[PDB]
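Coordinates as given in target31.tsv (TSV, C-alpha atoms):
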chain	number	residue	atom	x	y	z
A	1	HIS	CA	0.00	0.00	0.00
A	2	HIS	CA	1.00	3.69	-0.24
A	3	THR	CA	2.56	5.86	2.47
A	4	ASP	CA	2.80	9.63	2.26
A	5	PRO	CA	6.54	10.22	2.69
A	6	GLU	CA	6.00	13.87	3.64
A	7	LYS	CA	4.05	12.82	6.77
A	8	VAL	CA	6.26	9.84	7.43
A	9	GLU	CA	9.31	12.11	7.75
A	10	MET	CA	7.44	14.71	9.80
A	11	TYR	CA	6.18	12.19	12.33
A	12	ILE	CA	9.42	10.22	12.75
A	13	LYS	CA	11.13	13.58	13.34
A	14	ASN	CA	8.34	14.74	15.70
A	15	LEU	CA	9.09	11.61	17.67
A	16	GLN	CA	11.94	13.62	19.26
A	17	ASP	CA	9.95	16.72	19.95
A	18	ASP	CA	10.24	18.63	23.24
A	19	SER	CA	6.50	18.43	23.83
A	20	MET	CA	5.22	15.00	24.80
A	21	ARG	CA	1.75	15.40	23.28
A	22	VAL	CA	3.58	15.94	20.02
A	23	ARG	CA	5.63	12.81	20.17
A	24	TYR	CA	2.48	10.95	21.44
A	25	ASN	CA	0.61	11.97	18.33
A	26	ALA	CA	3.57	11.06	16.12
A	27	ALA	CA	3.33	7.50	17.52
A	28	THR	CA	-0.33	7.02	16.81
A	29	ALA	CA	0.17	8.54	13.34
A	30	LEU	CA	3.04	6.30	12.33
A	31	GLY	CA	1.13	3.24	13.53
A	32	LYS	CA	-1.84	3.96	11.31
A	33	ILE	CA	0.42	4.94	8.40
A	34	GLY	CA	2.27	1.65	8.66
A	35	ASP	CA	5.66	2.47	7.17
A	36	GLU	CA	8.80	0.29	7.68
A	37	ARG	CA	10.89	3.43	8.23
A	38	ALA	CA	9.08	4.14	11.47
A	39	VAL	CA	9.86	0.77	13.13
A	40	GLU	CA	13.40	1.54	14.21
A	41	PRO	CA	12.53	4.98	15.51
A	42	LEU	CA	9.59	3.54	17.41
A	43	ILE	CA	11.65	0.96	19.29
A	44	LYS	CA	13.83	3.91	20.46
A	45	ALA	CA	10.62	5.66	21.43
A	46	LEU	CA	9.91	2.56	23.46
A	47	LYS	CA	12.52	3.85	25.96
A	48	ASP	CA	10.98	7.35	26.06
A	49	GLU	CA	11.31	9.41	29.23
A	50	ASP	CA	7.51	9.78	29.19
A	51	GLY	CA	5.27	6.77	29.89
A	52	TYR	CA	2.26	7.66	27.78
A	53	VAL	CA	4.59	8.12	24.83
A	54	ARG	CA	6.26	4.76	25.46
A	55	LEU	CA	2.78	3.38	25.57
A	56	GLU	CA	1.61	4.41	22.11
A	57	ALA	CA	4.87	3.64	20.45
A	58	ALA	CA	4.11	0.11	21.64
A	59	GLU	CA	0.67	-0.29	20.03
A	60	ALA	CA	2.04	1.70	17.10
A	61	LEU	CA	4.58	-1.08	16.54
A	62	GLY	CA	1.75	-3.57	16.90
A	63	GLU	CA	-0.19	-1.85	14.15
A	64	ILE	CA	2.77	-1.79	11.85
A	65	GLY	CA	3.09	-5.52	12.53
A	66	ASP	CA	6.82	-5.80	11.72
A	67	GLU	CA	8.57	-8.88	13.15
A	68	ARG	CA	11.60	-6.70	14.02
A	69	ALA	CA	9.84	-5.20	17.05
A	70	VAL	CA	8.87	-8.55	18.58
A	71	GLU	CA	11.86	-8.78	20.84
A	72	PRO	CA	11.84	-5.11	21.94
A	73	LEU	CA	8.17	-5.55	22.71
A	74	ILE	CA	8.82	-8.64	24.77
A	75	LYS	CA	11.28	-6.51	26.79
A	76	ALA	CA	8.68	-3.75	26.94
A	77	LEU	CA	6.30	-6.21	28.62
A	78	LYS	CA	8.59	-5.83	31.67
A	79	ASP	CA	8.14	-2.04	31.77
A	80	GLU	CA	7.63	-0.40	35.15
A	81	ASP	CA	4.39	1.24	34.01
A	82	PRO	CA	1.61	-1.34	33.71
A	83	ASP	CA	-0.38	0.57	31.09
A	84	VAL	CA	2.65	0.51	28.85
A	85	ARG	CA	3.20	-3.14	29.44
A	86	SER	CA	-0.43	-3.82	28.66
A	87	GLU	CA	-0.34	-2.19	25.25
A	88	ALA	CA	2.86	-4.05	24.61
A	89	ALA	CA	0.97	-7.29	25.13
A	90	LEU	CA	-1.80	-6.27	22.76
A	91	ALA	CA	0.79	-5.25	20.18
A	92	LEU	CA	2.46	-8.72	20.37
A	93	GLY	CA	-0.82	-10.52	19.75
A	94	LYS	CA	-1.30	-8.35	16.67
A	95	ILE	CA	2.07	-9.26	15.14
A	96	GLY	CA	1.17	-12.90	15.73
A	97	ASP	CA	4.72	-14.15	16.45
A	98	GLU	CA	5.05	-17.45	18.35
A	99	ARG	CA	8.08	-15.99	20.21
A	100	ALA	CA	5.72	-13.98	22.37
A	101	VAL	CA	3.68	-17.02	23.53
A	102	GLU	CA	5.76	-17.60	26.69
A	103	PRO	CA	6.24	-13.97	27.80
A	104	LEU	CA	2.49	-13.49	27.34
A	105	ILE	CA	1.56	-16.58	29.30
A	106	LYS	CA	3.88	-15.07	32.00
A	107	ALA	CA	1.83	-11.82	31.84
A	108	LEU	CA	-1.43	-13.72	32.51
A	109	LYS	CA	0.01	-13.79	35.96
A	110	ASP	CA	0.83	-10.03	36.03
A	111	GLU	CA	-0.11	-7.94	39.06
A	112	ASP	CA	-2.33	-5.46	37.14
A	113	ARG	CA	-5.70	-6.74	35.80
A	114	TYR	CA	-5.65	-4.91	32.53
A	115	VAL	CA	-2.24	-6.35	31.78
A	116	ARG	CA	-3.66	-9.79	32.54
A	117	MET	CA	-6.66	-9.05	30.34
A	118	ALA	CA	-4.47	-7.69	27.49
A	119	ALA	CA	-2.42	-10.84	27.34
A	120	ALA	CA	-5.52	-12.98	27.36
A	121	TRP	CA	-6.70	-11.43	24.11
A	122	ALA	CA	-3.21	-11.39	22.61
A	123	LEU	CA	-2.80	-15.13	23.15
A	124	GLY	CA	-6.32	-15.78	21.99
A	125	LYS	CA	-5.37	-13.91	18.82
A	126	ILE	CA	-2.13	-15.72	18.11
A	127	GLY	CA	-3.68	-19.13	18.70
A	128	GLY	CA	-2.78	-22.36	16.92
A	129	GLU	CA	-1.15	-25.41	18.47
A	130	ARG	CA	1.77	-23.82	20.42
A	131	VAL	CA	-0.82	-21.73	22.19
A	132	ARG	CA	-3.27	-24.65	22.48
A	133	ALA	CA	-0.31	-26.57	23.95
A	134	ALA	CA	0.59	-24.12	26.74
A	135	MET	CA	-3.11	-23.64	27.44
A	136	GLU	CA	-3.77	-27.35	28.09
A	137	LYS	CA	-0.80	-27.42	30.48
A	138	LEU	CA	-2.10	-24.27	32.22
A	139	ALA	CA	-5.52	-25.91	32.89
A	140	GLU	CA	-3.53	-27.86	35.55
A	141	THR	CA	-0.31	-25.90	36.44
A	142	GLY	CA	-2.32	-22.66	36.51
A	143	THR	CA	-4.51	-21.13	39.15
A	144	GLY	CA	-6.87	-18.15	39.40
A	145	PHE	CA	-7.18	-15.60	36.58
A	146	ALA	CA	-4.68	-17.42	34.38
A	147	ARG	CA	-6.35	-20.82	34.90
A	148	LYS	CA	-9.76	-19.38	34.01
A	149	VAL	CA	-8.33	-18.20	30.70
A	150	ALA	CA	-6.76	-21.55	29.75
A	151	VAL	CA	-9.98	-23.52	30.09
A	152	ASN	CA	-11.89	-20.84	28.13
A	153	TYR	CA	-9.58	-21.21	25.13
A	154	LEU	CA	-9.83	-25.00	25.16
A	155	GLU	CA	-13.57	-24.48	25.34
A	156	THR	CA	-13.64	-22.23	22.26
A	157	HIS	CA	-10.67	-23.23	20.10
A	158	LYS	CA	-10.07	-26.88	19.14
B	1	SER	CA	-26.11	-12.12	8.38
B	2	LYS	CA	-29.70	-10.65	8.40
B	3	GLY	CA	-28.73	-7.77	10.70
B	4	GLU	CA	-26.19	-6.36	8.23
B	5	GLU	CA	-28.94	-5.76	5.64
B	6	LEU	CA	-30.42	-3.09	7.89
B	7	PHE	CA	-27.35	-0.98	7.87
B	8	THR	CA	-26.95	-0.84	4.09
B	9	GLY	CA	-27.70	2.88	3.92
B	10	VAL	CA	-27.96	5.71	6.43
B	11	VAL	CA	-29.86	4.93	9.61
B	12	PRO	CA	-31.14	7.46	12.16
B	13	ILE	CA	-29.94	7.18	15.74
B	14	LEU	CA	-31.16	8.00	19.25
B	15	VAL	CA	-29.44	7.90	22.67
B	16	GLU	CA	-30.70	8.46	26.22
B	17	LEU	CA	-28.60	8.38	29.43
B	18	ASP	CA	-29.31	8.60	33.14
B	19	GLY	CA	-26.17	9.05	35.26
B	20	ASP	CA	-25.09	9.48	38.88
B	21	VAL	CA	-21.50	10.33	39.72
B	22	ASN	CA	-20.64	10.63	43.42
B	23	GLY	CA	-24.19	11.91	44.04
B	24	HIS	CA	-24.33	14.34	41.13
B	25	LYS	CA	-27.42	13.19	39.26
B	26	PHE	CA	-27.85	14.03	35.53
B	27	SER	CA	-29.24	12.94	32.17
B	28	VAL	CA	-28.14	13.12	28.58
B	29	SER	CA	-29.90	12.67	25.27
B	30	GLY	CA	-28.75	12.62	21.62
B	31	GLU	CA	-29.93	12.50	17.98
B	32	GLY	CA	-28.17	11.61	14.69
B	33	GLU	CA	-27.51	9.25	11.76
B	34	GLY	CA	-24.99	6.50	10.85
B	35	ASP	CA	-23.63	5.02	7.60
B	36	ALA	CA	-22.02	1.65	8.47
B	37	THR	CA	-21.00	1.55	4.82
B	38	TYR	CA	-18.24	4.02	5.84
B	39	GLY	CA	-18.26	3.23	9.56
B	40	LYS	CA	-19.35	6.84	10.01
B	41	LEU	CA	-21.33	8.11	12.99
B	42	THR	CA	-22.55	11.65	13.23
B	43	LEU	CA	-24.55	12.87	16.26
B	44	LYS	CA	-25.36	15.62	18.81
B	45	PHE	CA	-25.78	14.95	22.54
B	46	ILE	CA	-27.11	17.39	25.06
B	47	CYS	CA	-27.45	17.51	28.82
B	48	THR	CA	-31.15	17.71	29.58
B	49	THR	CA	-30.47	18.43	33.23
B	50	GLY	CA	-28.67	21.76	32.60
B	51	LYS	CA	-24.96	21.40	33.43
B	52	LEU	CA	-22.89	18.27	33.15
B	53	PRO	CA	-20.91	17.36	36.26
B	54	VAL	CA	-18.22	15.49	34.23
B	55	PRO	CA	-16.23	16.24	31.08
B	56	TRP	CA	-17.86	15.15	27.88
B	57	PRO	CA	-15.12	12.75	26.75
B	58	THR	CA	-15.65	10.40	29.69
B	59	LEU	CA	-19.13	9.65	28.38
B	60	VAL	CA	-18.29	9.21	24.69
B	61	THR	CA	-17.53	5.53	24.99
B	62	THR	CA	-20.71	4.78	26.98
B	63	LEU	CA	-22.85	7.03	24.94
B	64	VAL	CA	-23.22	2.04	19.31
B	65	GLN	CA	-20.87	-0.34	17.66
B	66	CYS	CA	-23.25	-1.72	15.11
B	67	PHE	CA	-22.22	1.14	12.78
B	68	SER	CA	-18.71	-0.20	12.74
B	69	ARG	CA	-17.36	-0.70	9.25
B	70	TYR	CA	-16.69	-4.47	9.06
B	71	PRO	CA	-14.72	-5.35	5.90
B	72	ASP	CA	-16.08	-7.89	3.49
B	73	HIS	CA	-13.81	-10.70	4.65
B	74	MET	CA	-14.55	-10.01	8.33
B	75	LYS	CA	-18.33	-9.89	7.81
B	76	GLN	CA	-18.69	-13.08	9.86
B	77	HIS	CA	-17.51	-11.30	12.99
B	78	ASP	CA	-19.93	-8.33	13.42
B	79	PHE	CA	-21.72	-9.61	16.47
B	80	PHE	CA	-23.39	-6.23	16.91
B	81	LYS	CA	-25.15	-6.13	13.60
B	82	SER	CA	-25.96	-9.85	13.84
B	83	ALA	CA	-27.80	-9.30	17.14
B	84	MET	CA	-30.13	-6.76	15.52
B	85	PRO	CA	-32.87	-5.89	15.26
B	86	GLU	CA	-33.73	-7.68	18.51
B	87	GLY	CA	-30.63	-5.82	19.83
B	88	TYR	CA	-27.88	-6.25	22.49
B	89	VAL	CA	-26.92	-5.23	26.05
B	90	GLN	CA	-23.61	-3.40	26.69
B	91	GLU	CA	-22.33	-3.59	30.29
B	92	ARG	CA	-19.13	-1.71	31.14
B	93	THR	CA	-16.94	-0.87	34.10
B	94	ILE	CA	-14.55	2.02	33.59
B	95	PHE	CA	-11.62	2.40	36.02
B	96	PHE	CA	-9.99	5.82	35.80
B	97	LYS	CA	-6.28	5.80	36.61
B	98	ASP	CA	-5.77	7.51	39.99
B	99	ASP	CA	-9.43	8.48	40.18
B	100	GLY	CA	-12.90	6.99	40.30
B	101	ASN	CA	-14.87	4.52	38.22
B	102	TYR	CA	-18.14	4.07	36.30
B	103	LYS	CA	-20.55	1.17	35.96
B	104	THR	CA	-22.94	1.28	33.00
B	105	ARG	CA	-25.82	-0.68	31.49
B	106	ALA	CA	-27.00	0.16	27.96
B	107	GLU	CA	-29.78	-1.34	25.86
B	108	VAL	CA	-28.87	-0.96	22.21
B	109	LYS	CA	-31.69	-1.92	19.81
B	110	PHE	CA	-33.85	-0.91	16.88
B	111	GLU	CA	-37.04	1.07	17.50
B	112	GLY	CA	-39.12	1.08	14.32
B	113	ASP	CA	-36.14	1.86	12.13
B	114	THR	CA	-34.15	4.17	14.41
B	115	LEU	CA	-31.24	2.80	16.37
B	116	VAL	CA	-31.73	3.47	20.06
B	117	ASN	CA	-29.30	3.38	22.99
B	118	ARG	CA	-30.60	3.54	26.58
B	119	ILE	CA	-27.87	3.81	29.23
B	120	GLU	CA	-27.86	3.82	33.06
B	121	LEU	CA	-24.55	5.10	34.66
B	122	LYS	CA	-23.14	4.94	38.21
B	123	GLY	CA	-19.91	6.75	39.20
B	124	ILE	CA	-18.05	6.38	42.54
B	125	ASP	CA	-14.72	7.11	44.28
B	126	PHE	CA	-14.08	10.11	42.01
B	127	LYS	CA	-11.64	12.63	43.47
B	128	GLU	CA	-13.10	16.13	43.86
B	129	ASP	CA	-9.88	17.82	42.68
B	130	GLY	CA	-9.55	14.91	40.26
B	131	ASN	CA	-9.40	15.45	36.54
B	132	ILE	CA	-12.91	14.14	36.12
B	133	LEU	CA	-14.74	16.16	38.74
B	134	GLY	CA	-12.20	18.96	38.25
B	135	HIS	CA	-12.99	19.14	34.50
B	136	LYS	CA	-9.28	19.17	33.61
B	137	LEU	CA	-9.78	17.42	30.23
B	138	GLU	CA	-9.29	18.72	26.69
B	139	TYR	CA	-12.17	18.84	24.25
B	140	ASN	CA	-11.00	16.18	21.75
B	141	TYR	CA	-10.53	12.39	21.42
B	142	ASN	CA	-7.85	10.01	20.22
B	143	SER	CA	-7.73	6.98	17.98
B	144	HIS	CA	-8.08	3.85	19.98
B	145	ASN	CA	-8.23	0.16	19.42
B	146	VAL	CA	-11.12	-1.73	20.85
B	147	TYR	CA	-10.13	-5.31	21.51
B	148	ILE	CA	-12.88	-7.81	20.82
B	149	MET	CA	-13.07	-11.45	21.94
B	150	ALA	CA	-15.96	-13.97	21.99
B	151	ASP	CA	-17.58	-15.31	25.19
B	152	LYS	CA	-18.61	-18.90	24.36
B	153	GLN	CA	-19.58	-19.42	28.04
B	154	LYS	CA	-22.18	-16.66	27.89
B	155	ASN	CA	-23.24	-15.88	24.29
B	156	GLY	CA	-21.65	-12.62	23.25
B	157	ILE	CA	-18.33	-10.87	23.61
B	158	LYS	CA	-15.82	-9.54	26.10
B	159	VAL	CA	-14.53	-6.20	24.93
B	160	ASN	CA	-11.62	-4.29	26.49
B	161	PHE	CA	-9.68	-1.14	25.75
B	162	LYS	CA	-7.70	1.69	27.28
B	163	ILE	CA	-8.93	5.20	26.43
B	164	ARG	CA	-6.40	8.05	26.50
B	165	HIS	CA	-7.94	11.34	27.65
B	166	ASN	CA	-5.80	14.42	27.10
B	167	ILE	CA	-5.32	16.87	29.99
B	168	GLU	CA	-5.58	20.61	29.20
B	169	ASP	CA	-2.02	21.41	30.35
B	170	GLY	CA	-0.93	17.90	31.24
B	171	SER	CA	-0.39	14.47	29.85
B	172	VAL	CA	-3.07	11.80	29.80
B	173	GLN	CA	-5.77	10.44	32.10
B	174	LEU	CA	-6.28	6.79	31.35
B	175	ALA	CA	-9.45	4.69	31.45
B	176	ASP	CA	-9.45	0.91	31.50
B	177	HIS	CA	-12.74	-0.17	29.92
B	178	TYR	CA	-14.01	-3.63	30.83
B	179	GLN	CA	-17.02	-4.31	28.57
B	180	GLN	CA	-19.32	-7.26	27.97
B	181	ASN	CA	-22.15	-7.56	25.50
B	182	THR	CA	-25.07	-9.93	25.30
B	183	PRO	CA	-28.03	-10.35	23.04
B	184	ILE	CA	-31.54	-9.17	23.79
B	185	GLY	CA	-33.58	-11.57	21.64
B	186	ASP	CA	-32.97	-15.32	21.37
B	187	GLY	CA	-31.98	-15.35	17.69
B	188	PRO	CA	-28.67	-16.82	16.52
B	189	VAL	CA	-25.73	-14.40	16.54
B	190	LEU	CA	-22.23	-14.41	15.14
B	191	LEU	CA	-19.44	-15.05	17.64
B	192	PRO	CA	-16.12	-13.80	16.36
B	193	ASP	CA	-12.46	-14.78	16.58
B	194	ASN	CA	-10.24	-12.28	18.39
B	195	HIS	CA	-9.96	-8.98	16.47
B	196	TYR	CA	-10.29	-5.27	17.16
B	197	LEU	CA	-11.78	-1.95	16.01
B	198	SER	CA	-10.05	1.20	14.93
B	199	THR	CA	-11.74	4.38	16.09
B	200	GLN	CA	-11.41	8.02	15.04
B	201	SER	CA	-13.56	10.49	16.88
B	202	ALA	CA	-13.96	14.28	16.62
B	203	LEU	CA	-15.41	16.69	19.15
B	204	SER	CA	-16.90	20.01	18.01
B	205	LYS	CA	-19.31	22.67	19.33
B	206	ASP	CA	-22.41	24.26	17.72
B	207	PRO	CA	-22.42	28.09	18.15
B	208	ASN	CA	-26.25	28.30	17.96
B	209	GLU	CA	-27.00	25.73	20.64
B	210	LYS	CA	-26.92	27.34	24.04
B	211	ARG	CA	-27.40	24.19	26.15
B	212	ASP	CA	-24.56	21.98	27.43
B	213	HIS	CA	-23.83	19.79	24.36
B	214	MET	CA	-21.32	17.85	22.18
B	215	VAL	CA	-20.92	17.36	18.43
B	216	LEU	CA	-19.47	13.98	17.53
B	217	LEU	CA	-17.97	12.64	14.36
B	218	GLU	CA	-16.87	9.00	14.58
B	219	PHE	CA	-15.35	6.42	12.17
B	220	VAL	CA	-15.14	2.94	13.68
B	221	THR	CA	-13.65	0.43	11.23
B	222	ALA	CA	-12.90	-3.22	12.13
B	223	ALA	CA	-9.50	-4.92	11.68
B	224	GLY	CA	-7.62	-8.06	12.74
B	225	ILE	CA	-8.69	-11.14	10.74
B	226	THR	CA	-6.87	-11.89	7.48
B	227	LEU	CA	-7.76	-14.07	4.52
Using structure tokens, write down the structure that the file contains.
Amino acid sequence: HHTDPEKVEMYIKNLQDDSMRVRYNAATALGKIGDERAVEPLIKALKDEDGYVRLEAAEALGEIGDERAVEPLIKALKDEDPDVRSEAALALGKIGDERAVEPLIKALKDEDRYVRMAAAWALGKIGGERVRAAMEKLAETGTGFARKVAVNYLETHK
Amino acid sequence: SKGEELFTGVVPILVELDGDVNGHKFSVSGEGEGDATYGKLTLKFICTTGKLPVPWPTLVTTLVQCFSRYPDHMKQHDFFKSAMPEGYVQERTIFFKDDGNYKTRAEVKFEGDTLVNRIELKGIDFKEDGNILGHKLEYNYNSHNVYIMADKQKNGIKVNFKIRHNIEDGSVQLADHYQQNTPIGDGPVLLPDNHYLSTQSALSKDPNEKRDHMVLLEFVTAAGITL
């Protein structure tokens, strides 16, 4: 598909603007736009001094769906801020990489509920056998929120 | 689906809300029209009870997802349309980061041939010098993704998302939305694989209207599945 290079430049630049609302908007923008040139800059936005900015940059990388950002996202799951680590989960379920199956299953056990909920979807999205596998094991090794999820997938998915 | 046939052109819309936030009673009502062919929603909502105790954005989400533009290949996943015209029930719980929380119950259905949303809101724990009760929020909205996932156990969907409300001279007040929808009638409905929706909303103000109001321009368009 086609990406307006004028805006692409602008927004990747704006990613290092003094104002945070600016660089927050640049994240959302570049996610929708979906250009490969924004992936690298967005992983470096993933370490942004501001949390809300880190946060978008995450889902932004999810939207763009490039397999490059899988690892940095997995590391971003461990972010201090929970909201950021939630959107990182969601992002990883979008990309659909199997490499996020474990770190997501680990997040089903996260302290914050939204982050537990995010992962749930994300895994549900990725699916297939390597998910179906870890789910069947979790119906026994798991407990509480996480356990409730495992059974629900094995209910729905084959 | 039989529901989707209804939304083929432009369909008029109506919304009514009764709310109570930390005691502050109020009610909102709105009128407009929606072309699911473009995912477009265009409406005007007004506080009937004079002044609104909260900032308009909070209520956006609670105050129709049947007008969502589902692509051709994903047409099997529009639970909302499928549930019509009998309609569906949208129950939410909205935790504001470092502030209070809402509980809502909406009844979204077709009346004659107008889409109608009837909501019943309950707010608690909201800080008085909070952003909500302190009206510290900008008059605009962001693009968000609404994460959808079927509920085999019940017979509908668990929806979840995290709204980002801009502060006037500040960052962002978050809002974890925990949603759940369920059908009104007993008809058969589509239950979808995990996908999401991509929203674009615009807030504006009519100069001629003197009441407490909001002018909304939405564009929900579904994404996720691939074929």
query: Which chain B residues are at most 7 Å from chain A (counting all atoms listed in the file), as JSON, numbers by chain?
result: {"B": [149, 152, 171, 194]}
field: Shell of 12 Å around residue 156 in chain B, only C-alpha atoms, local chain residues under 6 positions omitted, as a PyMOL selection string
entry: chain B and resi 77-80+82-83+87-91+148-150+179-184+186+188-193
task: Please check which residues have atoms at most 8 Å from (-12.4, 7.6, 26.9) in the file's coordinates, counting only C-alpha atoms, and write them as a PyMOL selection string.
output: chain B and resi 57-61+141+162-165+174-175
query: Quick one: distance from CA of residue 176 in chain B to CA of residue 95 in chain B in Å, one decimal?
result: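 These two atoms are separated by 5.2 Å.
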message: I want to know what sits within 12 Å of range 145-148 of chain A, based on all atoms listed in the file, with residues of the same chain fewer than 2 positions away left out; could you give that as JSON, numbers by chain?
response: {"A": [104, 105, 106, 107, 108, 109, 110, 111, 112, 113, 114, 115, 116, 117, 118, 119, 120, 123, 134, 135, 136, 137, 138, 139, 140, 141, 142, 143, 150, 151, 152, 153, 154, 155], "B": [153]}
task: Please measure the separation of CA of residue 46 in chain B and CA of residue 132 in chain B, giving the value in Å to one decimal.
output: 18.3 Å
message: Need to verify the contact set: residue 54 in chain B, 10 Å, only C-alpha atoms, exclusion of same-chain residues closer than 5 positions in sequence. Can you return it as a PyMOL selection string?
response: chain B and resi 21+24+26+59+131-137
message: Report, in Å to a single decimal, how far apart CA of residue 160 in chain B and CA of residue 130 in chain B are.
response: 23.7 Å
Take range 24-35 of chain A, model N, CA, C and O atoms, and hand the result over as a JSON list (two decimals), in the frame of the given file.
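rebuild-v7.json, written as the output of this step:
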[["chain", "number", "residue", "atom", "x", "y", "z"],
["A", 24, "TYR", "N", 3.59, 11.93, 21.29],
["A", 24, "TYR", "CA", 2.48, 10.95, 21.44],
["A", 24, "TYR", "C", 1.66, 10.81, 20.17],
["A", 24, "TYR", "O", 1.35, 9.70, 19.73],
["A", 25, "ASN", "N", 1.30, 11.96, 19.60],
["A", 25, "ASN", "CA", 0.61, 11.97, 18.33],
["A", 25, "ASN", "C", 1.42, 11.36, 17.17],
["A", 25, "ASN", "O", 0.88, 10.62, 16.34],
["A", 26, "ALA", "N", 2.72, 11.64, 17.13],
["A", 26, "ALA", "CA", 3.57, 11.06, 16.12],
["A", 26, "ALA", "C", 3.55, 9.54, 16.19],
["A", 26, "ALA", "O", 3.65, 8.88, 15.17],
["A", 27, "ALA", "N", 3.39, 8.97, 17.38],
["A", 27, "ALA", "CA", 3.33, 7.50, 17.52],
["A", 27, "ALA", "C", 2.07, 6.96, 16.86],
["A", 27, "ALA", "O", 2.12, 6.13, 15.96],
["A", 28, "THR", "N", 0.94, 7.49, 17.31],
["A", 28, "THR", "CA", -0.33, 7.02, 16.81],
["A", 28, "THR", "C", -0.26, 7.12, 15.30],
["A", 28, "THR", "O", -0.49, 6.14, 14.62],
["A", 29, "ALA", "N", 0.12, 8.29, 14.79],
["A", 29, "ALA", "CA", 0.17, 8.54, 13.34],
["A", 29, "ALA", "C", 0.94, 7.45, 12.60],
["A", 29, "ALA", "O", 0.43, 6.84, 11.67],
["A", 30, "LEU", "N", 2.17, 7.22, 13.03],
["A", 30, "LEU", "CA", 3.04, 6.30, 12.33],
["A", 30, "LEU", "C", 2.51, 4.86, 12.39],
["A", 30, "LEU", "O", 2.87, 4.05, 11.53],
["A", 31, "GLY", "N", 1.74, 4.54, 13.42],
["A", 31, "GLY", "CA", 1.13, 3.24, 13.53],
["A", 31, "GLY", "C", 0.10, 3.07, 12.44],
["A", 31, "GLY", "O", 0.10, 2.07, 11.71],
["A", 32, "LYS", "N", -0.77, 4.06, 12.30],
["A", 32, "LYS", "CA", -1.84, 3.96, 11.31],
["A", 32, "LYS", "C", -1.20, 3.91, 9.93],
["A", 32, "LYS", "O", -1.52, 3.04, 9.12],
["A", 33, "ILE", "N", -0.26, 4.82, 9.70],
["A", 33, "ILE", "CA", 0.42, 4.94, 8.40],
["A", 33, "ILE", "C", 1.04, 3.62, 7.96],
["A", 33, "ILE", "O", 0.99, 3.24, 6.80],
["A", 34, "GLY", "N", 1.67, 2.95, 8.92],
["A", 34, "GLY", "CA", 2.27, 1.65, 8.66],
["A", 34, "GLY", "C", 3.44, 1.70, 7.70],
["A", 34, "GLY", "O", 3.39, 1.02, 6.68],
["A", 35, "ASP", "N", 4.48, 2.46, 8.01],
["A", 35, "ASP", "CA", 5.66, 2.47, 7.17],
["A", 35, "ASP", "C", 6.85, 1.84, 7.88],
["A", 35, "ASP", "O", 7.10, 2.17, 9.04]]
